[PDB]
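K.L.:
Read top to bottom, the protein sequences are chains 17 and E1.
So for the first sequence, the authors' numbering puts the first residue at 1695; every next one is plus one.
So for the second sequence, the authors' numbering puts the first residue at 194; every next one is plus one.
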Amino acid sequence: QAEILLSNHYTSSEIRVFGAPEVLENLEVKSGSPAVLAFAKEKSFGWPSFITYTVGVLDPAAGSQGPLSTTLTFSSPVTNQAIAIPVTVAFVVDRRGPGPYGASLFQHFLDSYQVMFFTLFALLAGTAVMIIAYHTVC
Amino acid sequence: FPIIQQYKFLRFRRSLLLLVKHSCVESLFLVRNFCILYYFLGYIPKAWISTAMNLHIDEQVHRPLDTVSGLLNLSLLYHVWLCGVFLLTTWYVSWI
């Protein structure tokens, strides 16, 4: 991969770094942003020798503020060779991209359901008591 | 109750022409008021169907309706006003 794109549909990607075995054993990986990580999935020293890294976002909210561009640098101190790959993070935030109004009904309808039933039963008890009070005064 | 009782068809044929004129004016006020409401708040809903379901926003093909130069779209405003005329007229026909 010459560049990496991370998004709602591709929350990770899998890149292979190729080289000689000794350079791949002694391969550092360094991200330009703490919101983007890479972890080694597998190592092959048989020809062609490679390491697969699964690259992904640690926090989707870092991707909510705008298109986060960063680099992912793979470097070997044994040869002073390095390769730096661009990583674009584009999370168009996932059951719509907040604010105050829209969300603030159907979540509250599930948070407050016990208070909604309690107030409904208190209004049914209050109307029943008012009807019993009417049929003992009128 | 009416001060003057009248056959149902005359009582309705007289009110229907006043209703369709009222629905057309009231839909135009409701669309105008909603256009002002959406210009201050539309981002927030339009930011609750894209966050736990998964949806993208086409910043290249469509001008966002938070913008005055999307929200002044005459074809949208016509079909939304016509929808409000159908809504108010059918609901007020039930009431009448």
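The C-beta atom is built at its ideal place from N, Cα and C for all residues, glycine as well.
Am I right that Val1786 (chain 17) and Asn1702 (chain 17) are in contact with their C-beta atoms under 8 angstroms? What's the rounded C-beta distance?
P.N.:
Residue mapping note: residue 1786 (chain 17) aligns to position 92 of the first sequence, counting from 1. Residue mapping note: residue 1702 (chain 17) aligns to position 8 of the first sequence, counting from 1. That pair is a contact at about 6 angstroms.
K.L.:
Cβ atoms of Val1730 (chain 17) and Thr1764 (chain 17): under 8 angstroms apart, would you say?
P.N.:
Stepping through the first sequence from its first residue, residue 1764 (chain 17) is reached at position 70. Stepping through the first sequence from its first residue, residue 1730 (chain 17) is reached at position 36. The answer is yes: Cβ separation under 8 angstroms.
K.L.:
Check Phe1768 (chain 17) in the structure and name its three-state DSSP category.
P.N.:
For this step, residue 1768 (chain 17) is matched to residue 74 along the first sequence. Correct three-state label for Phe1768 (chain 17): strand.
K.L.:
Under 8 angstroms: do the stretch 1742-1754 of chain 17 and the stretch 208-221 of chain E1 share three or more Cβ pairs, one atom per stretch?
P.N.:
No, the stretch 1742-1754 of chain 17 is not in contact with the stretch 208-221 of chain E1.
K.L.:
In chain 17, what lies closer than 8 angstroms to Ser220 (chain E1) by C-beta?
P.N.:
Position 27 of the second sequence, counting from 1, holds the residue named residue 220 (chain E1). Per Cβ cutoff of 8 angstroms: no residues; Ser220 (chain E1) is ~23 angstroms from chain 17 at best.
K.L.:
Quick check: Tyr285 (chain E1) and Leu264 (chain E1), are their CB atoms within less than 8 angstroms of each other?
P.N.:
Taking the second sequence and counting its residues from 1, one reaches residue 285 (chain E1) at position 92. Taking the second sequence and counting its residues from 1, one reaches residue 264 (chain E1) at position 71. No, the Cβ-Cβ distance between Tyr285 (chain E1) and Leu264 (chain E1) is not below 8 angstroms.
K.L.:
At 7 angstroms on the CB atoms, spell out the chain 17 contacts of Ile250 (chain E1), in chain order.
P.N.:
Along the second sequence, read from residue 1 onward, the residue named residue 250 (chain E1) stands at position 57. Near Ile250 (chain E1) (Cβ distances below 7 angstroms), the residues of chain 17 are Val1786.
K.L.:
List the residues of chain 17 that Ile237 (chain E1) touches, going by C-beta distances under 9 angstroms, in chain order.
P.N.:
Taking the first residue of the second sequence as position 1, residue 237 (chain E1) is located at position 44. Ordered by position in chain 17, the residues that pass the 9 angstroms Cβ test against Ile237 (chain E1) are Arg1790, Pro1792, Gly1793, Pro1794, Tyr1795, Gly1796, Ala1797 and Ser1798.
K.L.:
Whose CA, out of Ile237 (chain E1), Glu252 (chain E1), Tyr200 (chain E1) and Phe222 (chain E1), lies closest to the CA of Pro1792 (chain 17)?
P.N.:
Position 98 of the first sequence, counting from 1, holds the residue named residue 1792 (chain 17). Residue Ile237 (chain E1) is the option with its Cα nearest to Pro1792 (chain 17).
K.L.:
Which word fits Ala1776 (chain 17), buried or exposed, when buried means at least 16 other C-beta atoms lie within 10 angstroms of its C-beta?
P.N.:
Your numbering for residue 1776 (chain 17) matches position 82 in the first sequence. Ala1776 (chain 17) comes out exposed.
K.L.:
Helix, strand or coil: how does DSSP classify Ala1822 (chain 17) here?
P.N.:
Within the first sequence, residue 1822 (chain 17) is the residue found at index 128, counting from 1. Note: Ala1822 (chain 17) maps to helix in three-state DSSP.
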